[PDB]
Every structure is written in structure tokens, then in C-alpha cells.
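Enquirer: Okay, so here is run.cif, and as you'll see once you scroll down, it has mmCIF, N, CA, C and O atoms.
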```
data_final
#
loop_
_atom_site.label_atom_id
_atom_site.label_comp_id
_atom_site.auth_asym_id
_atom_site.auth_seq_id
_atom_site.Cartn_x
_atom_site.Cartn_y
_atom_site.Cartn_z
N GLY Q 1 0.82 -1.21 0.00
CA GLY Q 1 0.00 0.00 0.00
C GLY Q 1 0.85 1.24 0.00
O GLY Q 1 0.99 1.90 -1.03
N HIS Q 2 1.41 1.57 1.14
CA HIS Q 2 2.25 2.76 1.25
C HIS Q 2 3.67 2.46 0.82
O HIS Q 2 4.08 1.29 0.81
N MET Q 3 4.39 3.52 0.45
CA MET Q 3 5.77 3.47 -0.08
C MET Q 3 5.80 2.92 -1.50
O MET Q 3 6.86 2.66 -2.08
N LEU Q 4 4.61 2.81 -2.08
CA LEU Q 4 4.45 2.30 -3.43
C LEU Q 4 4.79 3.39 -4.41
O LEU Q 4 5.38 3.15 -5.46
N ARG Q 5 4.44 4.56 -4.05
CA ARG Q 5 4.72 5.70 -4.84
C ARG Q 5 5.72 6.61 -4.15
O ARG Q 5 5.36 7.51 -3.38
N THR Q 6 6.96 6.30 -4.33
CA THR Q 6 8.04 7.10 -3.84
C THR Q 6 8.15 8.34 -4.70
O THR Q 6 8.39 9.45 -4.22
N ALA Q 7 7.96 8.13 -5.97
CA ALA Q 7 7.89 9.15 -6.95
C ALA Q 7 6.85 8.72 -7.94
O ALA Q 7 7.03 7.72 -8.64
N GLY Q 8 5.74 9.39 -7.95
CA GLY Q 8 4.68 9.01 -8.82
C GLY Q 8 3.72 10.14 -9.04
O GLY Q 8 3.75 11.14 -8.32
N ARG Q 9 2.87 9.97 -10.01
CA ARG Q 9 1.90 10.95 -10.39
C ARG Q 9 0.67 10.19 -10.84
O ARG Q 9 0.74 9.38 -11.76
N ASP Q 10 -0.44 10.43 -10.19
CA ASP Q 10 -1.65 9.67 -10.45
C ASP Q 10 -2.58 10.33 -11.50
O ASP Q 10 -2.24 10.40 -12.67
N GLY Q 11 -3.72 10.85 -11.07
CA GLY Q 11 -4.69 11.39 -11.95
C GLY Q 11 -5.69 10.33 -12.30
O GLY Q 11 -6.62 10.05 -11.53
N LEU Q 12 -5.40 9.64 -13.37
CA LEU Q 12 -6.25 8.58 -13.90
C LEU Q 12 -6.26 7.43 -12.90
O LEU Q 12 -7.29 6.85 -12.60
N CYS Q 13 -5.09 7.17 -12.34
CA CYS Q 13 -4.89 6.12 -11.37
C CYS Q 13 -5.83 6.26 -10.15
O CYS Q 13 -6.45 5.29 -9.71
N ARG Q 14 -5.95 7.48 -9.63
CA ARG Q 14 -6.82 7.72 -8.48
C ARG Q 14 -8.29 7.71 -8.89
O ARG Q 14 -9.14 7.18 -8.17
N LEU Q 15 -8.55 8.24 -10.08
CA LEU Q 15 -9.88 8.27 -10.66
C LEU Q 15 -10.45 6.85 -10.76
O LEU Q 15 -11.53 6.57 -10.21
N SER Q 16 -9.70 5.96 -11.41
CA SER Q 16 -10.10 4.57 -11.57
C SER Q 16 -10.36 3.92 -10.22
O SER Q 16 -11.42 3.37 -10.00
N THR Q 17 -9.42 4.08 -9.30
CA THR Q 17 -9.47 3.48 -7.97
C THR Q 17 -10.80 3.79 -7.23
O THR Q 17 -11.35 2.94 -6.52
N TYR Q 18 -11.33 4.97 -7.45
CA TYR Q 18 -12.57 5.35 -6.83
C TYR Q 18 -13.78 4.96 -7.68
O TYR Q 18 -14.81 4.57 -7.14
N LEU Q 19 -13.65 5.00 -8.99
CA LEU Q 19 -14.76 4.62 -9.86
C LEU Q 19 -15.00 3.11 -9.86
O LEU Q 19 -16.10 2.65 -10.13
N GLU Q 20 -13.96 2.35 -9.52
CA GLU Q 20 -14.07 0.89 -9.39
C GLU Q 20 -14.93 0.53 -8.17
O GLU Q 20 -15.42 -0.60 -8.05
N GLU Q 21 -15.13 1.49 -7.29
CA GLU Q 21 -15.93 1.30 -6.09
C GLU Q 21 -17.40 1.52 -6.37
O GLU Q 21 -18.26 1.23 -5.53
N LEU Q 22 -17.70 2.03 -7.54
CA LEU Q 22 -19.06 2.29 -7.91
C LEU Q 22 -19.61 1.12 -8.69
O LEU Q 22 -18.92 0.56 -9.55
N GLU Q 23 -20.83 0.74 -8.39
CA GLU Q 23 -21.47 -0.32 -9.12
C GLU Q 23 -22.14 0.27 -10.37
O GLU Q 23 -22.06 1.49 -10.59
N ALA Q 24 -22.82 -0.57 -11.15
CA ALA Q 24 -23.46 -0.16 -12.41
C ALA Q 24 -24.37 1.05 -12.23
O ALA Q 24 -24.23 2.04 -12.93
N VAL Q 25 -25.28 0.99 -11.26
CA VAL Q 25 -26.22 2.09 -11.01
C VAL Q 25 -25.52 3.33 -10.44
O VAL Q 25 -25.92 4.46 -10.70
N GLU Q 26 -24.45 3.12 -9.72
CA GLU Q 26 -23.71 4.23 -9.16
C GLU Q 26 -23.00 4.98 -10.27
O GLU Q 26 -23.02 6.22 -10.32
N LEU Q 27 -22.42 4.23 -11.18
CA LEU Q 27 -21.81 4.80 -12.36
C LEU Q 27 -22.87 5.42 -13.24
O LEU Q 27 -22.65 6.46 -13.83
N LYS Q 28 -24.03 4.78 -13.28
CA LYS Q 28 -25.20 5.22 -14.03
C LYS Q 28 -25.56 6.65 -13.66
O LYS Q 28 -25.72 7.51 -14.53
N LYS Q 29 -25.66 6.89 -12.36
CA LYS Q 29 -26.02 8.19 -11.82
C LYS Q 29 -24.95 9.19 -12.21
O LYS Q 29 -25.23 10.25 -12.77
N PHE Q 30 -23.73 8.81 -11.90
CA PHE Q 30 -22.53 9.58 -12.15
C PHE Q 30 -22.43 10.04 -13.61
O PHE Q 30 -22.31 11.24 -13.89
N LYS Q 31 -22.55 9.12 -14.53
CA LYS Q 31 -22.38 9.42 -15.93
C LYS Q 31 -23.54 10.18 -16.52
O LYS Q 31 -23.37 10.89 -17.50
N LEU Q 32 -24.73 10.07 -15.95
CA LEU Q 32 -25.81 10.86 -16.46
C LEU Q 32 -25.73 12.26 -15.91
O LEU Q 32 -25.93 13.23 -16.64
N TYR Q 33 -25.33 12.36 -14.65
CA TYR Q 33 -25.24 13.63 -13.95
C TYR Q 33 -24.33 14.60 -14.68
O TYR Q 33 -24.71 15.73 -14.91
N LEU Q 34 -23.15 14.15 -15.02
CA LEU Q 34 -22.20 15.01 -15.69
C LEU Q 34 -22.27 14.89 -17.20
O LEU Q 34 -21.96 15.83 -17.93
N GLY Q 35 -22.72 13.76 -17.68
CA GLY Q 35 -22.72 13.52 -19.09
C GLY Q 35 -23.85 14.21 -19.81
O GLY Q 35 -23.67 14.76 -20.90
N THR Q 36 -25.01 14.22 -19.19
CA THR Q 36 -26.18 14.84 -19.81
C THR Q 36 -26.47 16.19 -19.12
O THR Q 36 -27.57 16.75 -19.23
N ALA Q 37 -25.46 16.71 -18.46
CA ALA Q 37 -25.58 17.91 -17.66
C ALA Q 37 -25.68 19.17 -18.48
O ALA Q 37 -24.82 19.46 -19.31
N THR Q 38 -26.70 19.94 -18.21
CA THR Q 38 -26.82 21.23 -18.80
C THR Q 38 -26.18 22.28 -17.88
O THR Q 38 -25.90 23.41 -18.27
N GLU Q 39 -25.89 21.85 -16.64
CA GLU Q 39 -25.18 22.69 -15.65
C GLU Q 39 -23.70 22.75 -16.01
O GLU Q 39 -22.93 23.56 -15.48
N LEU Q 40 -23.32 21.87 -16.91
CA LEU Q 40 -21.96 21.73 -17.36
C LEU Q 40 -21.84 22.35 -18.75
O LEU Q 40 -20.83 22.22 -19.44
N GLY Q 41 -22.91 22.97 -19.16
CA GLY Q 41 -22.98 23.65 -20.41
C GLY Q 41 -23.64 22.81 -21.45
O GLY Q 41 -24.87 22.79 -21.56
N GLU Q 42 -22.85 22.11 -22.16
CA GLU Q 42 -23.30 21.23 -23.21
C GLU Q 42 -23.19 19.78 -22.79
O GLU Q 42 -24.07 18.96 -23.09
N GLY Q 43 -22.14 19.47 -22.09
CA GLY Q 43 -21.88 18.13 -21.71
C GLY Q 43 -20.76 17.60 -22.55
O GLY Q 43 -20.89 17.47 -23.76
N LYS Q 44 -19.64 17.32 -21.91
CA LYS Q 44 -18.43 16.88 -22.61
C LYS Q 44 -18.48 15.41 -22.97
O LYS Q 44 -17.58 14.89 -23.60
N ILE Q 45 -19.52 14.76 -22.56
CA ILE Q 45 -19.68 13.36 -22.83
C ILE Q 45 -20.55 13.19 -24.06
O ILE Q 45 -21.59 13.86 -24.17
N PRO Q 46 -20.12 12.35 -25.03
CA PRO Q 46 -20.90 12.07 -26.22
C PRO Q 46 -22.32 11.54 -25.91
O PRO Q 46 -22.65 11.20 -24.75
N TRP Q 47 -23.09 11.40 -26.93
CA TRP Q 47 -24.50 11.15 -26.85
C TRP Q 47 -24.81 9.69 -26.58
O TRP Q 47 -25.01 8.89 -27.50
N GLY Q 48 -24.74 9.34 -25.32
CA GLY Q 48 -25.10 8.01 -24.85
C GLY Q 48 -24.00 6.99 -25.02
O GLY Q 48 -24.24 5.79 -24.89
N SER Q 49 -22.78 7.46 -25.21
CA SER Q 49 -21.65 6.59 -25.49
C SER Q 49 -20.96 6.16 -24.19
O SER Q 49 -19.77 5.86 -24.17
N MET Q 50 -21.71 6.13 -23.12
CA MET Q 50 -21.19 5.68 -21.85
C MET Q 50 -22.14 4.69 -21.18
O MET Q 50 -21.96 4.33 -20.04
N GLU Q 51 -23.11 4.23 -21.92
CA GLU Q 51 -24.11 3.29 -21.40
C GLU Q 51 -23.52 1.92 -21.12
O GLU Q 51 -23.81 1.29 -20.09
N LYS Q 52 -22.67 1.48 -22.00
CA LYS Q 52 -22.03 0.18 -21.90
C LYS Q 52 -20.61 0.34 -21.39
O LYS Q 52 -19.74 -0.52 -21.61
N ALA Q 53 -20.39 1.41 -20.68
CA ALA Q 53 -19.10 1.72 -20.12
C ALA Q 53 -19.06 1.35 -18.64
O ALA Q 53 -20.07 1.48 -17.94
N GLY Q 54 -17.93 0.88 -18.20
CA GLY Q 54 -17.74 0.49 -16.83
C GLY Q 54 -16.71 1.38 -16.18
O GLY Q 54 -16.36 2.41 -16.77
N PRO Q 55 -16.15 1.01 -15.01
CA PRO Q 55 -15.19 1.86 -14.30
C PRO Q 55 -13.94 2.16 -15.13
O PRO Q 55 -13.43 3.28 -15.12
N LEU Q 56 -13.51 1.17 -15.89
CA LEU Q 56 -12.34 1.27 -16.74
C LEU Q 56 -12.60 2.25 -17.88
O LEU Q 56 -11.81 3.17 -18.12
N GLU Q 57 -13.69 2.05 -18.59
CA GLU Q 57 -14.04 2.89 -19.72
C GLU Q 57 -14.35 4.31 -19.27
O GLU Q 57 -13.93 5.26 -19.91
N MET Q 58 -15.04 4.43 -18.14
CA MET Q 58 -15.39 5.74 -17.59
C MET Q 58 -14.18 6.52 -17.19
O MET Q 58 -14.07 7.69 -17.54
N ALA Q 59 -13.24 5.89 -16.52
CA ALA Q 59 -12.02 6.56 -16.10
C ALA Q 59 -11.30 7.14 -17.31
O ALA Q 59 -10.85 8.28 -17.31
N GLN Q 60 -11.28 6.38 -18.38
CA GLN Q 60 -10.61 6.78 -19.59
C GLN Q 60 -11.50 7.69 -20.45
O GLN Q 60 -11.06 8.22 -21.48
N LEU Q 61 -12.73 7.88 -20.02
CA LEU Q 61 -13.67 8.73 -20.72
C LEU Q 61 -13.46 10.14 -20.20
O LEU Q 61 -13.04 11.04 -20.94
N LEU Q 62 -13.66 10.31 -18.88
CA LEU Q 62 -13.51 11.61 -18.24
C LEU Q 62 -12.11 12.16 -18.43
O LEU Q 62 -11.93 13.36 -18.63
N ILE Q 63 -11.11 11.28 -18.39
CA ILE Q 63 -9.72 11.69 -18.49
C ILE Q 63 -9.41 12.27 -19.90
O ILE Q 63 -8.60 13.18 -20.05
N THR Q 64 -10.11 11.78 -20.90
CA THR Q 64 -9.87 12.20 -22.25
C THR Q 64 -10.64 13.49 -22.58
O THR Q 64 -10.09 14.42 -23.19
N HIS Q 65 -11.88 13.56 -22.13
CA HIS Q 65 -12.71 14.72 -22.41
C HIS Q 65 -12.35 15.90 -21.52
O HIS Q 65 -12.04 16.99 -22.01
N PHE Q 66 -12.38 15.69 -20.23
CA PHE Q 66 -12.06 16.72 -19.25
C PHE Q 66 -10.57 16.89 -19.08
O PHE Q 66 -10.02 17.93 -19.43
N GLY Q 67 -9.92 15.89 -18.57
CA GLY Q 67 -8.51 15.96 -18.34
C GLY Q 67 -8.15 15.10 -17.17
O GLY Q 67 -9.03 14.56 -16.56
N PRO Q 68 -6.86 14.98 -16.83
CA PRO Q 68 -6.40 14.09 -15.75
C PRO Q 68 -7.05 14.37 -14.40
O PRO Q 68 -7.78 13.53 -13.85
N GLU Q 69 -6.82 15.54 -13.87
CA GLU Q 69 -7.35 15.88 -12.57
C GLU Q 69 -8.74 16.47 -12.67
O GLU Q 69 -9.50 16.47 -11.71
N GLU Q 70 -9.08 16.95 -13.87
CA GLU Q 70 -10.40 17.47 -14.12
C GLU Q 70 -11.39 16.29 -14.04
O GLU Q 70 -12.45 16.40 -13.45
N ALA Q 71 -10.98 15.16 -14.62
CA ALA Q 71 -11.74 13.90 -14.52
C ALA Q 71 -11.95 13.52 -13.07
O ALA Q 71 -13.06 13.16 -12.68
N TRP Q 72 -10.89 13.62 -12.28
CA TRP Q 72 -10.94 13.30 -10.87
C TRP Q 72 -11.95 14.19 -10.15
O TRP Q 72 -12.79 13.70 -9.37
N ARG Q 73 -11.91 15.46 -10.46
CA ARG Q 73 -12.84 16.41 -9.91
C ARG Q 73 -14.26 16.02 -10.28
O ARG Q 73 -15.13 15.92 -9.42
N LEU Q 74 -14.47 15.76 -11.57
CA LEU Q 74 -15.77 15.35 -12.09
C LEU Q 74 -16.29 14.09 -11.41
O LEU Q 74 -17.48 13.93 -11.28
N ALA Q 75 -15.41 13.23 -10.97
CA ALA Q 75 -15.84 12.04 -10.27
C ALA Q 75 -16.14 12.33 -8.81
O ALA Q 75 -17.27 12.12 -8.37
N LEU Q 76 -15.18 12.90 -8.07
CA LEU Q 76 -15.36 13.11 -6.62
C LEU Q 76 -16.53 14.06 -6.34
O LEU Q 76 -17.39 13.77 -5.52
N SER Q 77 -16.60 15.13 -7.11
CA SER Q 77 -17.62 16.13 -6.96
C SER Q 77 -18.98 15.65 -7.47
O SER Q 77 -19.98 16.36 -7.36
N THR Q 78 -19.03 14.47 -8.05
CA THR Q 78 -20.27 13.89 -8.46
C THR Q 78 -20.64 12.75 -7.50
O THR Q 78 -21.80 12.39 -7.37
N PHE Q 79 -19.63 12.23 -6.76
CA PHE Q 79 -19.88 11.21 -5.75
C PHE Q 79 -20.89 11.75 -4.73
O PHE Q 79 -21.88 11.12 -4.42
N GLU Q 80 -20.65 12.97 -4.28
CA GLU Q 80 -21.55 13.67 -3.35
C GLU Q 80 -22.97 13.86 -3.95
O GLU Q 80 -23.96 13.89 -3.23
N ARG Q 81 -23.04 13.94 -5.26
CA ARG Q 81 -24.28 14.24 -5.97
C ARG Q 81 -25.13 13.00 -6.20
O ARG Q 81 -26.34 13.08 -6.37
N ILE Q 82 -24.49 11.85 -6.18
CA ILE Q 82 -25.19 10.59 -6.45
C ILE Q 82 -25.42 9.82 -5.15
O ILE Q 82 -25.84 8.65 -5.15
N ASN Q 83 -25.19 10.53 -4.05
CA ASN Q 83 -25.27 10.00 -2.68
C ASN Q 83 -24.21 8.92 -2.48
O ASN Q 83 -24.50 7.74 -2.27
N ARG Q 84 -23.01 9.33 -2.68
CA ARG Q 84 -21.83 8.55 -2.49
C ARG Q 84 -20.85 9.45 -1.75
O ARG Q 84 -19.65 9.54 -2.05
N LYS Q 85 -21.38 10.03 -0.70
CA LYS Q 85 -20.72 11.00 0.11
C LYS Q 85 -19.59 10.35 0.86
O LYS Q 85 -18.58 10.98 1.15
N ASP Q 86 -19.75 9.06 1.10
CA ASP Q 86 -18.76 8.29 1.82
C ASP Q 86 -17.41 8.36 1.11
O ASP Q 86 -16.42 8.79 1.68
N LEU Q 87 -17.43 8.00 -0.16
CA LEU Q 87 -16.24 7.93 -1.01
C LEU Q 87 -15.80 9.35 -1.38
O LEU Q 87 -14.65 9.60 -1.66
N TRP Q 88 -16.76 10.24 -1.40
CA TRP Q 88 -16.53 11.64 -1.67
C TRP Q 88 -15.63 12.26 -0.59
O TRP Q 88 -14.72 13.03 -0.90
N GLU Q 89 -15.87 11.89 0.67
CA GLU Q 89 -15.05 12.35 1.79
C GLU Q 89 -13.64 11.76 1.68
O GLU Q 89 -12.67 12.33 2.17
N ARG Q 90 -13.55 10.63 1.00
CA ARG Q 90 -12.28 9.96 0.71
C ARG Q 90 -11.53 10.72 -0.38
O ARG Q 90 -10.33 10.52 -0.60
N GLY Q 91 -12.26 11.58 -1.06
CA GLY Q 91 -11.70 12.38 -2.09
C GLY Q 91 -11.35 13.76 -1.59
O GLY Q 91 -10.19 14.13 -1.56
N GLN Q 92 -12.34 14.52 -1.14
CA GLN Q 92 -12.04 15.85 -0.69
C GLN Q 92 -12.21 16.05 0.80
O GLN Q 92 -13.25 15.73 1.39
N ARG Q 93 -11.18 16.55 1.38
CA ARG Q 93 -11.15 16.93 2.78
C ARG Q 93 -10.64 18.36 2.87
O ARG Q 93 -10.96 19.12 3.79
N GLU Q 94 -9.85 18.71 1.86
CA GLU Q 94 -9.30 20.02 1.60
C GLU Q 94 -8.46 20.60 2.73
O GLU Q 94 -7.24 20.36 2.77
N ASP Q 95 -9.09 21.29 3.65
CA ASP Q 95 -8.39 22.01 4.69
C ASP Q 95 -9.36 22.45 5.77
O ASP Q 95 -10.48 22.87 5.45
N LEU Q 96 -8.92 22.34 7.02
CA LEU Q 96 -9.63 22.75 8.23
C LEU Q 96 -10.88 21.95 8.53
O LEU Q 96 -11.62 21.52 7.64
N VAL Q 97 -11.11 21.72 9.80
CA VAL Q 97 -12.31 21.08 10.25
C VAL Q 97 -13.21 22.07 11.00
O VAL Q 97 -14.37 22.25 10.66
N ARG Q 98 -12.65 22.76 12.00
CA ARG Q 98 -13.40 23.70 12.82
C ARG Q 98 -12.51 24.85 13.27
O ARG Q 98 -12.60 25.95 12.74
N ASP Q 99 -11.64 24.59 14.22
CA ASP Q 99 -10.75 25.63 14.74
C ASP Q 99 -9.36 25.09 14.96
O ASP Q 99 -9.19 24.06 15.62
N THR Q 100 -8.38 25.76 14.36
CA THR Q 100 -6.94 25.49 14.54
C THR Q 100 -6.45 24.17 13.88
O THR Q 100 -5.51 24.18 13.09
N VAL Q 101 -7.10 23.08 14.20
CA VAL Q 101 -6.69 21.76 13.75
C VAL Q 101 -7.24 21.41 12.37
O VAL Q 101 -8.20 22.04 11.89
N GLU Q 102 -6.62 20.37 11.78
CA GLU Q 102 -6.90 19.84 10.45
C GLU Q 102 -6.28 20.76 9.40
O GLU Q 102 -6.94 21.67 8.91
#
```
Please lay out the structure from this file as C-alpha cells.
Expert:
Amino acid sequence: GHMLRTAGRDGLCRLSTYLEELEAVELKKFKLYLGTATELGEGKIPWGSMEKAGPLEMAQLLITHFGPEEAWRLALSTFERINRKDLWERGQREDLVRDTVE
């Protein structure tokens, strides 16, 4: 687990690792949320070309359309939206909890 990446750079690697935790319907929510999103403007995802896509295909989908860490953002920030707040907290913690600490 640890000391695996002495020198490394993830992006897609972290994206996949979290998207592999999502089941078909979880990915379903995820890919419709951002893929058919009008809040995202037009939607960087092609027209239904993610229906037969799984964690592997999805990771390589977001990474190609959005970008390495943009894909990651699109996943973590959608985890919270599909009621996958658990894994979402595994993604973003950012900084500070209440006072002084964290």
C-alpha cells in the first residue's frame, strides 16, 4: 500500500481506484449527472456513449474529455451528488475542520 509511490503521479490512477468502487447504477447516476448535464454547459460526454461503459471505460472517458485531474474532480464532486458522500469524503477533505486543527 504505502511506499508504493516514492515518486509518482496519479490522476487517472486515483480516478479509476474510486470509480471501481461504484457499481453499475452508481456509475449510471454519475455518468448521467455530468454527461447529460446542462449545468456543465453542453456536456463533454458524447451522446449516450457511456451506457455500456464500466469503471475502466469511464475513467478513460472523463480523463480524455475533461482531463487528468479534471476527470478526478468530475468524479469526486459527483460522488456527493449521487449519494456517495462516503467515497466523496475519501476524495475531498481540503483544509480545516473547525478551529486550529486539520
Enquirer: Using all atoms listed in the file, which residues sit within 8 Å of residue Q:63 once same-chain residues fewer than 5 positions away are excluded, as a list in words?
Expert: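 Neighbouring residues, sequence-local ones excluded: residues 11, 12, 57, 58, 68, 69, 70, 71 and 72 of chain Q.
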Enquirer: Rank Q:91, Q:67, Q:54, Q:1 by their smallest atom-to-atom distance to residue Q:19, using all atoms listed in the file, and report the top residue only.
Expert: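 Among the listed residues, Q:54 lies closest to residue Q:19.
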Enquirer: Select, from Q:55, Q:41, Q:8, Q:96, the residue with the minimum atom-to-atom distance to residue Q:21, counting only N, CA, C and O atoms.
Expert: Q:55
Enquirer: What's the 12 Å shell around residue Q:48, counting only C-alpha atoms, without same-chain residues fewer than 4 positions away, as a ChimeraX atom specification?
Expert: /Q:28,31-32,34-36,43-44,52-53
Enquirer: For residue Q:56, which residue among Q:13, Q:20, Q:78, Q:7 is the nearest when counting only N, CA, C and O atoms?
Expert: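 Under the stated criterion, the closest residue is Q:20.
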Enquirer: For residue Q:60, which of Q:40, Q:45, Q:97, Q:89 is the closest residue, counting only C-alpha atoms?
Expert: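 The answer is Q:45, which sits nearest to residue Q:60.
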Enquirer: What separation in Å, quoted to one decimal, exists between atom O of residue Q:24 and atom O of residue Q:90?
Expert: 20.4 Å
